[PDB]
Structure formats: C-alpha cells, structure tokens
Amino acid sequence: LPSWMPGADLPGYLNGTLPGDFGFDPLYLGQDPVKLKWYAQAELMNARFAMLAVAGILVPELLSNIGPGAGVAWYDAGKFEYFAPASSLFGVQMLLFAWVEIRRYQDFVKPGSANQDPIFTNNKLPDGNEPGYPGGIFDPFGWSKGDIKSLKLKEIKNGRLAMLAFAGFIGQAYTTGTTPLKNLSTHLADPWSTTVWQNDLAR
Amino acid sequence: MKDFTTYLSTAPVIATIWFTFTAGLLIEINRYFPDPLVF
Amino acid sequence: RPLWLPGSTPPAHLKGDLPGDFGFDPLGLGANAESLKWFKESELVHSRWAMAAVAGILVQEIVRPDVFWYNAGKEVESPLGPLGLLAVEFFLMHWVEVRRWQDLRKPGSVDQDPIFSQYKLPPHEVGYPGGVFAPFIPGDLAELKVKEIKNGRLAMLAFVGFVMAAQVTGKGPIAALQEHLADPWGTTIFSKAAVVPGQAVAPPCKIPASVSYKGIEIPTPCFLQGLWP
Amino acid sequence: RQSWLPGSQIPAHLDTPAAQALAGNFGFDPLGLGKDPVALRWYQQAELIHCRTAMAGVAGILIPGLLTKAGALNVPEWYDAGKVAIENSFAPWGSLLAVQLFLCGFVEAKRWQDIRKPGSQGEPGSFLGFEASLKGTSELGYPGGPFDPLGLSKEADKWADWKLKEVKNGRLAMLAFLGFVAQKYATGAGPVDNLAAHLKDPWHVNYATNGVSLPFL
Amino acid sequence: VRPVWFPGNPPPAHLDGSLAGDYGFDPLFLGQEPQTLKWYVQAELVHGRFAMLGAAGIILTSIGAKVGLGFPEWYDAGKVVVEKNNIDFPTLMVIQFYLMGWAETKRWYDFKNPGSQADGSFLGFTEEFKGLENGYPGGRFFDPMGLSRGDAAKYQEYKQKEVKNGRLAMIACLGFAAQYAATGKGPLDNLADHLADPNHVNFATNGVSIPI
C-alpha cells in the first residue's frame with residue numbers, strides 16, 4: 001500500500017481501487033460511496049482540464065520566447081480580435097460543452113447507454129465503457145495495450161500535479177503581476193534571494 | 001447546619017430577602033439614573 | 001552495584017538495566033515506562049547535541065581564535081542568502097526529525113532507504129539505529145553506551161558552564177581557563193560576588209545589549225540576570 | 001449525539017423520535033417552548049419560513065452590494081435602496097405595496113390551509129390542474145412538483161444532508177441580517193465597509209471600540 | 001489521633017482526615033453536607049493554586065523592581081504596561097473573559113457531570129478531559145508528566161504539600177495586599193526595612209494597624 005504517509009493509519013474505505021490512492025483522506029470526506037464516485041469523477045475532470053490549461057499556458061510562451069501568431073500573456077483576456085465577437089462564440093461554447101456535459105452525465109448515471117453515433121448507429125463505442133474511460137474512438141491509436149493502470153496512475157498523478165501548477169500560476173501571477181516563465185528564469189538567475197519571504201517582505 | 005438551611009427556607013425570611021433584593025435594585029437604579037420620566 | 005550515592009538504596013523503577021543509571025531519580029519520575037523511553041531518547045538527544053557543540057566550539061576557538069564563538073551568530077559572513085540558508089536548515093531538520101519521531105512512535109517502520117529499495121536497515125533499538133548508522137564498531141556496545149551517556153551528560157554540563165563563563169567574562173572557555181590558571185585564588189565567582197543581609201553583589205554581564213544585526217537588532221537580555229549569585 | 005451543550009441534559013420533548021427526526025436537533029431548548037407536538041410542529045414550519053426568507057434577503061443584500069464594490073453594478077446602500085427604487089419607479093409605493101400584499105396573502109393562505117390539513121388543497125377540481133402536484137410530499141414544509149423541479153427530493157441519500165445544510169445556512173442568514181442591521185445602527189456604515197475596516201484593524205475596529213454597544217465603558 | 005488544628009478537642013463528624021490538609025477544622029460545620037463539602041474542596045484547590053500564581057508573579061516582579069531592572073511595582077504594573085503598549089484595556093479584558101469562561105465552564109459542567117467532558121465530542125480528544133478526581137483532573141494534559149499515575153503514596157504526599165503551599169500562598173498574597181495598604185511601598189522594600197530594624201520596623205511602628 002503506497003501511502004502519502006508511511007506507517008500512518010489509512011482509512012478503511014480507501015483500498016487502492018482508484019489510481020493515485022495513497023490512502024489520503026485525513027478528513028474522512030469520502031466515506032459516502034456515492035460521494036467517492038462524484039469526487040473521483042470531479043478530480044479526473046478538473047485535473048485533466050488543468051493539464052490542458054497549463055499546456056496552453058506554457059507552449060505558446062515557449063514559442064514566443066523563441067523564433068508565432070501571437071506572444072500575448074496568457075491572462076490577457078479581453079484583448080484580441082479573433083475576427084469574431086466573444087459573446088457569440090461563448091454561447092456556441094456553452095451549448096457544446098453542455099453537450100459533453102449531458103451525455104457524460106447520462107452515461108455516468110446509466111452506463112452502457114451512450115456508445116453509438118446517434119446519427120450513425122453503426123459508428124459506435126464498444127462495451128469498454130468504464131464511466132470516465134470510454135476509449136474505442138477515444139483510443140484510436142491501438143493504445144490500452146497496457147492494462148490500464150500504469151497510464152491511469154500517471155494520469156491521476158500528473159493531474160493533481162497540473163492542478164497545483166495552475167494554482168501556482170494564478171497565485172504568483174496575482175502577486176507578482178508577472179509571467180511564470182519570467183519568474184522561473186529569475187529564480188534560476190538567483191534562487192538565493194527570490195523567495196516568498198523575499199518578495200512578501202519587500203511587499 | 002441543615003437545620004439552619006431549613007430555617008432560611010422558612011417562608012417569612014424568604015419573603016424578606018426577596019423584597020430587600022428588589023428594593024435595593026430599584027434604589028440603586030434611581031441612584032445611577034436619577035429623574036426618570038418617559039421611555 | 002555502583003550507585004550515584006555510596007551506601008544508599010535505589011528507587012523502585014531504577015535497577016541498572018539501562019546504562020548511565022546508578023539509582024538516581026529522587027523525584028521518582030521514571031515510573032511510567034512510556035515517558036521513561038521518551039526521556040531516555042531525549043537525554044541521548046541532548047547529550048549528543050551538546051557533545052557536538054562543545055567539540056566544535058573548542059576546536060574553533062583553537063584554530064581560529066579571537067572569534068567569539070558566542071558571537072559567531074553575529075559576526076559570521078557568507079555570500080549565501082541567510083534566508084535561504086535558514087530555509088534549507090528548517091526543511092532538512094523537519095525531515096530528519098519527523099523520520100526519527102515516526103520511528104519512535106512506530107518502531108521498526110522506516111528502516112528502509114525509501115529510494116534505494118535494496119538499502120534497508122536491519123532491526124535495531126530505538127535510539128540505536130546502527131547498521132549504516134553504525135558501520136564500524138570497535139569493542140562492545142556494553143561499554144560504548146555507558147561511555148556515550150557519561151560523556152554526553154558531562155558535555156551538557158560543559159556547554160552550560162561555557163555559556164555562564166561567557167556571560168560573566170565574555171571570554172572563550174580557553175581564555176577563562178588561562179585566566180583561572182593565572183590567578184587560582186582570585187578567579188572564582190566567590191572572588192567575584194557574594195550575598196549578605198547587609199548587601200548583595202553580582203558580576204556585571206559582558207553580553208552588552210540588543211545586538212544590532214542586519215536590520216533586525218535582536219533584543220539580547222541576560223539569562224536570569226538578577227539572581228546570578 | 002451532537003448536542004448544543006455537552007454534559008447538560010437533553011430536553012425530553014426534544015429527545016423524541018419526531019424532534020430528533022425533524023432536523024438539526026441539538027437539545028437546544030432552555031426555556032422549553034416546544035413541549036406541545038402541534039406547537040413544535042408549527043415552530044419547525046416557522047423556522048423553515050424564516051430560514052428561507054433570510055437566505056434570500058442576505059443574498060439580495062450582499063451579492064449586489066458585493067459587486068458594487070466591483071466596478072460594474074453601481075447599486076446604492078441596501079437601506080437607502082428603498083428610496084432609490086421608489087424614485088426610479090413609476091407606480092406609487094402604497095399602490096405596489098397593496099398589490100404585493102394581495103399576492104403574498106393568497107399563497108400564504110394556501111400554506112395555511114395545507115398546514116391545517118395536509119390534504120386540503122389537493123381537493124380535486126378545486127383548481128383546474130393544481131391539485132395533482134399541489135399535494136404535500138409527506139413532509140409539511142416540503143411541497144412538491146414545482147417545488148423541487150429538478151427532482152432532488154427523490155434521492156434519499158442526500159436528503160437529510162440537504163435538510164441539515166438548509167437549516168444551518170438559514171439560521172446563519174438570519175444572524176447575518178441581524179449583524180447587518182446592528183452595525184448599521186452602531187457604525188452607520190455598510191456591512192462590507194464594516195468588514196473592510198475590521199480587516200484593516202480588528203484590534204480597534206469592533207463593537208468593543210464602538211462605544212455604542214457597550215456605552216458604560 | 002492525627003494532629004488536630006486544635007489539640008484537645010475532637011474533630012467534627014464530616015471532618016475525618018480523608019483529604020489533604022484535614023486537621024479537623026470546620027468550627028462552623030459548613031461541610032456537614034457531602035456535595036457542598038466536595039464543592040468546597042474543589043474551590044479551595046482552585047483558590048490556592050491561583051494564590052500560588054499570584055505570589056510567584058509578585059515576588060518575581062518585586063525582585064526585578066528592587067534590583068535595577070526597571071520593573072514597575074505590581075500594583076502599578078497593569079496601568080504602566082497598558083500605557084507603555086498600544087493595547088486596548090477592554091479588548092484585553094474581553095478576550096481574557098472568553099477564554100476563562102470557556103475553560104471554567106468545561107470544569108463546571110464536569111463537576112456537574114463527572115465525566116461527560118472526555119466523551120470525544122470535542123475535536124478529537126478523549127480522556128484528556130477526564131478528571132482523575134474531584135478537583136484533580138489528572139490526565140495526559142493536566143498531568144503529562146504522569147506524577148499521579150505512579151507511586152500513589154508520594155502522590156498523596158504531593159497533594160498534602162499542594163494544599164499546604166496553597167493556603168500559604170493565599171495568606172501570603174493577603175499579606176502583600178496589607179503591606180501595600182499600610183506602607184504604600186513594595187513588600188520587598190518593607191521587608192528590607194524590617195531587616196533594618198525589627199525593633200522599630202513593624203505594624204506597631206506603623207501605628208495604623210494597631211491604632212494607638
């Protein structure tokens with residue numbers, strides 16, 4: 001049993017059936033099984049979204065600092081043309097994000113109900129539903145050759161990591177007013193005088 | 001001692017002490033807050 | 001059995017099993033075995049700390065004299081950020097201490113190198129890691145432990161007496177020793193102070209006042225000033 | 001169990017299947033006002049009413065007043081907003097008053113008749129189609145149909161949870177309203193500003209320093 | 001057979017020698033009743049410990065005063081420190097009120113219900129708010145050193161010493177109050193004075209205490 005605290009006392013319900021379970025619930029907030037399901041799903045969603053978010057942060061920053069459509073700071077929200085008004089596209093979005101939302105939820109509440117293209121009934125997902133892990137068309141590259149577990153564990157691991165990453169992004173951005181890559185380059189130039197206490201006490 | 005407690009739980013002495021308490025209440029009231037007319 | 005008092009009787013919980021005992025606990029606080037192991041650990045801890053401390057202060061006063069070890073806290077210099085140094089310090093210490101404490105509260109539970117699975121310490125005694133923690137052993141722990149505890153208690157006394165000697169003379173312990181040697185008669189707190197119903201006297205401290213470091217200006221009072229004699 | 005005061009004794013009528021099965025019980029009845037079953041039932045309904053109303057009110061105070069600290073949504077102080085609105089309005093305040101009195105009165109009378117008889121307004125044909133869903137949901141203070149549209153009353157797991165959170169947050173909203181009006185009398189300032197000041201210096205921004213709450217000092 | 005507070009007379013009924021400091025002294029039979037007596041036991045314990053606090057702080061501060069450390073005289077010290085600092089008297093008082101109220105209420109309802117305070121209804125602790133005896137809340141918190149849980153005999157002896165030093169501390173703080181009420185000075189000052197002339201430094205010299 002890999003634990004977040006060696007030799008400690010794991011809760012009973014935590015039993016490793018979910019990837020990244022190190023027996024961590026000092027607040028016992030997962031005693032309800034339905035709650036545990038809800039929160040497994042929520043961890044997955046928020047974590048994966050944090051992954052893709054921090055990627056969309058880092059990559060274009062890295063490309064701007066090198067030799068290209070834009071080099072704008074990631075939080076520079078209202079400022080770009082993008083040849084279309086934001087509100088319209090946002091409505092488009094909310095509708096379509098609601099579409100995953102609804103069939104995501106439908107298959108969560110009633111498994112094995114959403115596999116086919118409702119238009120192209122032939123075009124259909126297999127039985128490997130695994131609420132949260134459809135695969136099939138979601139696994140076109142012949143992956144899931146591995147069991148599932150190595151990828152699932154690294155998944156939950158990196159997801160938690162990326163959640164922390166985004167938290168640091170927004171927090172240090174609100175504090176320093178600066179860009180994360182720049183902040184890291186500063187810490188690299190000198191770590192010995194670039195600390196929280198350094199800058200909160202200069203603050 | 002218990003005899004004494006009973007003697008204090010006798011009636012007229014209780015009436016006494018309650019009245020003394022109330023009266024001292026109201027006298028101090030008028031002392032610190034003289035001349036009340038309204039409110 | 002050799003006793004801390006010749007011709008006396010040991011208390012209940014004291015017999016001589018653990019080294020360093022000779023029947024001394026006039027307050028009899030060694031009753032509860034839990035707290036007793038706790039205190040064995042804590043005494044070993046303090047003894048080892050103080051032994052290291054006296055050794056370092058001595059050797060440093062030796063090789064680099066004129067550097068008041070007591071005021072090294074002030075007069076140290078390094079291009080490294082003091083804040084970063086103390087940070088590394090805190091984190092390193094939190095780790096090692098939580099390891100030793102987790103092992104105390106749960107014996108034989110962290111004995112592995114959690115990185116290199118091959119490396120894992122054999123079973124041992126709380127307060128006696130050994131193995132890697134004690135790779136080379138000449139002789140027997142029978143005597144090693146008794147000498148350890150003896151030297152450690154003695155070094156605790158050494159350290160505290162050094163602190164007093166500094167507060168009273170500001171001199172390094174070797175300087176104070178040479179002074180005592182110079183005047184065997186007049187180099188005594190006796191020859192320095194006394195108290196009488198007529199009047200009392202105490203030696204003045206050499207630790208001046210609030211030390212002004214790089215902006216902080218640490219307030220530096222004395223240890224129980226008024227009751228030095 | 002979770003008691004309003006450990007060590008202390010539990011009120012008998014509060015230590016009952018119904019009461020301990022009502023919601024959020026802690027044995028809190030020093031003066032013993034709910035010994036009668038009808039009485040305590042009435043009070044349960046009452047607490048429900050007050051909880052929900054206070055939640056609504058404190059929301060309508062904070063959220064607009066909170067975002068008026070934000071750039072957009074320039075809204076006045078809550079207590080003056082009455083004057084502001086009657087200014088920006090068209091119908092006389094007494095008029096709109098009487099209208100909303102009619103409106104609230106009808107449905108309040110509905111709630112009344114239903115508390116009198118749970119199967120009262122289910123009287124078939126009384127309305128065109130109301131009765132069907134206009135029946136209670138076996139818990140006075142918990143109607144159905146339009147009440148709980150999304151169907152959150154069906155899942156028994158989260159049921160007592162919704163209930164406990166409801167009663168909690170409702171009592172707290174009451175307290176919030178009270179603190180707001182109290183610091184409006186004492187400090188005279190908006191509650192958000194009171195909070196900002198107590199943030200700037202709790203050590204000197206408090207009723208202890210108002211000389212209002214405690215004038216003898 | 002135990003030494004009576006008054007040699008020659010027999011002790012009262014409800015006084016036997018079961019608790020430390022029992023010398024048969026209740027000439028007014030206030031402890032005729034068991035509940036009231038036990039309550040008084042706890043009250044005496046509490047007050048004696050408070051007096052111990054009082055004496056210790058007083059003597060420390062008075063030494064710091066007499067020797068040139070600039071420590072104020074205790075009866076002035078509260079005012080002088082609240083003045084030297086930017087503290088608000090009512091705020092101090094009300095926080096102190098909060099704290100003493102909560103803890104003393106815990107103690108009160110434990111006297112009421114002997115053990116309901118260790119039930120674990122508190123955050124996560126159990127038996128760490130469980131009284132060993134009346135007025136003796138010996139637990140991991142009120143006895144982490146575990147003196148009570150070893151050598152009950154020496155423990156009883158310690159109880160004896162506790163109540164002893166407690167009555168001593170009560171009479172001592174009363175004495176200090178009197179010394180200031182008389183001389184207007186520091187008790188240590190008046191002490192050094194009686195040292196100077198026991199023959200001529202005393203209440204009889206004050207002429208105030210004895211008004212002749």
# chains A, B, ... in the order shown; residues from 1 in each chain; ligands from 1

$ select_by_dssp --residues "range 110-213 of chain D" --states "helix (DSSP H, G or I)" --output "PyMOL selection string"
chain D and resi 110-116+130-133+159-186+191-200+207-210

$ write_last_selection --atoms "C-alpha atoms" --output "compact mmCIF listing (two decimals), in the first residue's frame"
# COMPACT_ATOMS: atom_id res chain seq x y z
CA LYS D 110 -52.66 28.35 0.77
CA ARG D 111 -49.73 27.35 3.00
CA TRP D 112 -52.07 27.95 5.93
CA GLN D 113 -54.84 25.67 4.75
CA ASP D 114 -52.29 22.99 3.92
CA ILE D 115 -50.75 23.12 7.38
CA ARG D 116 -54.26 22.86 8.78
CA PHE D 130 -53.30 22.29 -9.45
CA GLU D 131 -54.41 19.59 -7.00
CA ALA D 132 -52.36 16.87 -8.68
CA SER D 133 -48.98 18.36 -7.79
CA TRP D 159 -31.93 14.03 1.69
CA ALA D 160 -31.01 14.67 5.33
CA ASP D 161 -27.88 16.39 4.03
CA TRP D 162 -29.86 18.94 2.04
CA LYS D 163 -32.05 19.35 5.10
CA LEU D 164 -29.21 19.97 7.56
CA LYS D 165 -27.45 22.36 5.23
CA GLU D 166 -30.74 24.16 4.67
CA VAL D 167 -31.48 24.74 8.34
CA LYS D 168 -27.86 25.63 9.06
CA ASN D 169 -27.45 28.22 6.33
CA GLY D 170 -30.90 29.62 7.07
CA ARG D 171 -30.18 30.25 10.74
CA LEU D 172 -26.85 31.75 9.72
CA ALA D 173 -28.57 34.03 7.21
CA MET D 174 -30.87 35.25 9.96
CA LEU D 175 -27.80 36.06 12.05
CA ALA D 176 -26.22 37.80 9.06
CA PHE D 177 -29.20 40.09 8.60
CA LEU D 178 -29.16 40.88 12.31
CA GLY D 179 -25.48 41.78 12.30
CA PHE D 180 -26.02 43.94 9.24
CA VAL D 181 -28.80 45.99 10.77
CA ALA D 182 -26.98 46.13 14.11
CA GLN D 183 -23.80 47.55 12.64
CA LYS D 184 -25.96 49.87 10.56
CA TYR D 185 -27.34 51.28 13.79
CA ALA D 186 -23.97 51.38 15.54
CA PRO D 191 -21.61 45.94 6.20
CA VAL D 192 -18.98 45.43 3.51
CA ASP D 193 -17.25 48.59 4.69
CA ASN D 194 -17.55 47.46 8.30
CA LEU D 195 -15.83 44.26 7.22
CA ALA D 196 -13.13 46.16 5.36
CA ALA D 197 -12.45 48.24 8.46
CA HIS D 198 -12.34 45.23 10.77
CA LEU D 199 -9.91 43.74 8.26
CA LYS D 200 -7.71 46.82 8.32
CA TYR D 207 -18.09 46.85 18.93
CA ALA D 208 -15.56 46.91 21.75
CA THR D 209 -14.32 50.16 20.22
CA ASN D 210 -17.67 51.50 19.04

$ residues_around --residues "residue 210 in chain C" --least-positions-apart "3" --cutoff "7 Å" --atoms "only C-alpha atoms" --output "short mmCIF file (atom, residue, chain, number, x, y, z; two decimals) with C-alpha atoms, in the first residue's frame"
data_model
loop_
_atom_site.label_atom_id
_atom_site.label_comp_id
_atom_site.auth_asym_id
_atom_site.auth_seq_id
_atom_site.Cartn_x
_atom_site.Cartn_y
_atom_site.Cartn_z
CA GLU C 217 18.51 44.33 16.06
CA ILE C 218 17.84 41.22 18.14
CA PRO C 219 16.94 42.05 21.76
CA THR C 220 19.61 40.28 23.81
CA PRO C 221 18.71 40.14 27.51
#

$ residues_around --residues "range 50-65 of chain C" --least-positions-apart "6" --cutoff "9 Å" --atoms "only C-alpha atoms" --output "ChimeraX atom specification"
/C:151-159,162,172-174

$ residues_around --residues "residue 71 in chain E" --least-positions-apart "2" --cutoff "12 Å" --atoms "only C-alpha atoms" --output "PyMOL selection string"
(chain C and resi 226) or (chain E and resi 57-69+73-78+80-81+186)

$ write_last_selection --atoms "N, CA and C atoms" --output "mmCIF file, in the first residue's frame"
data_model
loop_
_atom_site.group_PDB
_atom_site.id
_atom_site.type_symbol
_atom_site.label_atom_id
_atom_site.label_comp_id
_atom_site.auth_asym_id
_atom_site.auth_seq_id
_atom_site.Cartn_x
_atom_site.Cartn_y
_atom_site.Cartn_z
ATOM 1 N N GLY C 226 19.244 38.998 37.517
ATOM 2 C CA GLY C 226 19.313 39.424 38.894
ATOM 3 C C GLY C 226 19.684 38.372 39.909
ATOM 4 N N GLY E 57 4.317 35.481 40.693
ATOM 5 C CA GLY E 57 4.464 36.665 39.867
ATOM 6 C C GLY E 57 4.863 37.880 40.677
ATOM 7 N N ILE E 58 4.237 38.060 41.842
ATOM 8 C CA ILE E 58 4.529 39.226 42.665
ATOM 9 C C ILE E 58 5.999 39.247 43.047
ATOM 10 N N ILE E 59 6.497 38.134 43.587
ATOM 11 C CA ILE E 59 7.858 38.133 44.110
ATOM 12 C C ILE E 59 8.855 38.323 42.981
ATOM 13 N N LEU E 60 8.602 37.692 41.835
ATOM 14 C CA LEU E 60 9.490 37.890 40.700
ATOM 15 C C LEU E 60 9.548 39.358 40.314
ATOM 16 N N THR E 61 8.379 39.959 40.106
ATOM 17 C CA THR E 61 8.323 41.352 39.696
ATOM 18 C C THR E 61 8.984 42.252 40.723
ATOM 19 N N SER E 62 8.822 41.933 42.004
ATOM 20 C CA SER E 62 9.368 42.788 43.045
ATOM 21 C C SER E 62 10.883 42.704 43.088
ATOM 22 N N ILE E 63 11.440 41.523 42.833
ATOM 23 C CA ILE E 63 12.886 41.421 42.700
ATOM 24 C C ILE E 63 13.360 42.247 41.515
ATOM 25 N N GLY E 64 12.723 42.047 40.358
ATOM 26 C CA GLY E 64 13.056 42.839 39.188
ATOM 27 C C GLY E 64 12.941 44.328 39.421
ATOM 28 N N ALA E 65 12.068 44.735 40.337
ATOM 29 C CA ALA E 65 11.943 46.140 40.692
ATOM 30 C C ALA E 65 13.109 46.588 41.561
ATOM 31 N N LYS E 66 13.291 45.933 42.712
ATOM 32 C CA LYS E 66 14.299 46.376 43.669
ATOM 33 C C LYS E 66 15.678 46.410 43.033
ATOM 34 N N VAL E 67 16.071 45.325 42.369
ATOM 35 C CA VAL E 67 17.307 45.387 41.610
ATOM 36 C C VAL E 67 17.052 46.214 40.360
ATOM 37 N N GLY E 68 18.082 46.904 39.887
ATOM 38 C CA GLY E 68 17.879 47.901 38.859
ATOM 39 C C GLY E 68 17.542 47.318 37.505
ATOM 40 N N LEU E 69 16.362 46.714 37.394
ATOM 41 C CA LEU E 69 15.866 46.215 36.121
ATOM 42 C C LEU E 69 14.692 47.020 35.597
ATOM 43 N N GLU E 73 6.278 48.506 40.139
ATOM 44 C CA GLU E 73 5.660 47.895 41.299
ATOM 45 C C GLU E 73 4.310 47.334 40.895
ATOM 46 N N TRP E 74 4.055 46.108 41.339
ATOM 47 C CA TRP E 74 2.970 45.300 40.799
ATOM 48 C C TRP E 74 1.659 46.068 40.741
ATOM 49 N N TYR E 75 1.290 46.730 41.836
ATOM 50 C CA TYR E 75 0.010 47.419 41.862
ATOM 51 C C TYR E 75 -0.055 48.550 40.853
ATOM 52 N N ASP E 76 1.089 49.002 40.361
ATOM 53 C CA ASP E 76 1.148 49.962 39.279
ATOM 54 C C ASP E 76 1.344 49.299 37.931
ATOM 55 N N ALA E 77 1.785 48.044 37.929
ATOM 56 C CA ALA E 77 2.317 47.431 36.723
ATOM 57 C C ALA E 77 1.262 47.317 35.634
ATOM 58 N N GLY E 78 0.027 46.966 35.993
ATOM 59 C CA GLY E 78 -1.002 46.828 34.975
ATOM 60 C C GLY E 78 -1.213 48.116 34.208
ATOM 61 N N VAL E 80 0.869 50.652 34.055
ATOM 62 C CA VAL E 80 2.050 51.137 33.352
ATOM 63 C C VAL E 80 2.283 50.346 32.077
ATOM 64 N N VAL E 81 1.969 49.054 32.069
ATOM 65 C CA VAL E 81 2.226 48.269 30.871
ATOM 66 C C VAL E 81 1.166 48.552 29.821
ATOM 67 N N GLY E 186 6.685 48.827 48.242
ATOM 68 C CA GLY E 186 6.857 47.460 47.832
ATOM 69 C C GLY E 186 7.037 46.552 49.025
#

$ residues_around --residues "range 1-12 of chain B" --least-positions-apart "4" --cutoff "8 Å" --atoms "only C-alpha atoms" --output "tab-separated table (two decimals) with N, CA, C and O atoms, in the first residue's frame"
chain	number	residue	atom	x	y	z
B	16	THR	N	-38.80	38.27	53.05
B	16	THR	CA	-37.88	39.33	53.45
B	16	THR	C	-36.80	39.53	52.41
B	16	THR	O	-36.73	40.57	51.76
E	29	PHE	N	-19.12	23.94	60.68
E	29	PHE	CA	-19.86	22.80	60.14
E	29	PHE	C	-20.37	23.05	58.73
E	29	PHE	O	-21.38	22.48	58.32
E	30	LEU	N	-19.68	23.92	57.99
E	30	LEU	CA	-20.11	24.21	56.63
E	30	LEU	C	-20.09	22.97	55.75
E	30	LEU	O	-20.81	22.92	54.75
E	32	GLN	N	-21.06	19.93	56.60
E	32	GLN	CA	-21.94	18.88	57.10
E	32	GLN	C	-22.51	18.05	55.96
E	32	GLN	O	-22.80	16.86	56.12
E	33	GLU	N	-22.68	18.66	54.79
E	33	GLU	CA	-23.29	18.11	53.59
E	33	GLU	C	-22.22	17.69	52.58
E	33	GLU	O	-21.29	18.45	52.31

$ closest_residue --among "C:103, C:41, C:97, C:34" --to "chain A" --atoms "only C-alpha atoms"
C:103

$ residues_around --residues "residue 223 in chain C" --least-positions-apart "6" --cutoff "10 Å" --atoms "only C-alpha atoms" --output "list in words"
residues 163, 164, 167 and 205 of chain C

$ write_last_selection --atoms "N, CA, C and O atoms" --output "mmCIF file, in the first residue's frame"
data_model
loop_
_atom_site.group_PDB
_atom_site.id
_atom_site.type_symbol
_atom_site.label_atom_id
_atom_site.label_comp_id
_atom_site.auth_asym_id
_atom_site.auth_seq_id
_atom_site.Cartn_x
_atom_site.Cartn_y
_atom_site.Cartn_z
ATOM 1 N N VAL C 163 28.556 28.727 28.641
ATOM 2 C CA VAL C 163 27.648 29.856 28.465
ATOM 3 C C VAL C 163 27.731 30.790 29.660
ATOM 4 O O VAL C 163 27.788 32.016 29.508
ATOM 5 N N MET C 164 27.745 30.229 30.865
ATOM 6 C CA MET C 164 27.849 31.073 32.050
ATOM 7 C C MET C 164 29.154 31.848 32.053
ATOM 8 O O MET C 164 29.171 33.059 32.306
ATOM 9 N N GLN C 167 28.864 34.717 29.728
ATOM 10 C CA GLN C 167 28.030 35.807 30.218
ATOM 11 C C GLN C 167 28.717 36.588 31.324
ATOM 12 O O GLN C 167 28.462 37.785 31.485
ATOM 13 N N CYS C 205 27.391 41.626 33.404
ATOM 14 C CA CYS C 205 27.456 40.811 32.203
ATOM 15 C C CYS C 205 28.312 41.477 31.139
ATOM 16 O O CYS C 205 28.403 42.704 31.067
#
